[PDB]
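Q: how would this look folded up:
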Amino acid sequence: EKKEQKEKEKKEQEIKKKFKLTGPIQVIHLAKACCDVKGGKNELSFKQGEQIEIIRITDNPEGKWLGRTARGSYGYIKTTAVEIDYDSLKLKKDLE
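A: Residues are numbered from 1 along each chain as shown. I have put the structure below:
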């Protein structure tokens, strides 16, 4: 099997208090890294087109969004550094 996991990684204690999540949810949308940043001023480290996931947009305290990287890193993106995929997959699903 793929036994490459020890935790789901909730060791991200700094992110929790930084953005204030309380109850973690699932990805809302997959954002595309609009640029390559290395996580300055407490941000997420990502490369242009890396693909990020947006989790918390609501009740953001600093104006920035909470984005996660595939490895589980929540860097609370400055919104300008990403572009979220609008819709979902099929937000409109008329059974098509």
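
Q: residue 58 and residue 33, how far apart?
A: Using CB to CB, to the nearest Å, one gets 21 Å for the distance from residue 58 to residue 33. For every residue, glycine as well, the C-beta is placed using N, CA and C.

Q: which one of these two is surrounded by more residues?
A: Set residue 58 next to residue 33 and count neighbours by other CB atoms under 10 Å: residue 33 wins out with 21 against 9.

Q: host element of the most centrally placed residue in the chain?
A: Residue closest to the average C-alpha location in the chain (CA atoms, centre = their mean): residue 67, at 1.8 Å. In the assignment (DSSP states H and E), residue 67 maps to strand 66-68.

Q: packing partners of whatever helix or strand comes next after that strand?
A: Once the chain leaves strand 66-68, the next helix or strand it forms, by DSSP H and E, is strand 82-84. Counting contacts by 3 or more CB pairs under 8 Å, 6 or more residues apart in numbering; DSSP states H and E, strand 82-84 packs against strand 29-33, strand 52-56.

Q: and of the ones you listed, who's closest to residue 46?
A: Residue 46 sits nearest to strand 29-33 of all these, at 4.2 Å, using CB to CB.

Q: and the angle from that closest one to strand 52-56?
A: Between the axes of strand 29-33 and strand 52-56, defined by axes from the mean of the first three to the mean of the last three CA atoms, to 10 degrees, the angle is 130 degrees.

Q: strand partners of strand 29-33, parallel vs antiparallel please.
A: In the sheet, strand 29-33 lines up against strand 52-56 (antiparallel), strand 82-84 (antiparallel) (DSSP bridges).

Q: in a strand, residue 15, correct?
A: No - in this structure, residue 15 is helix, not part of a strand, as judged by DSSP: H, G, I helix; E, B strand; the rest coil.
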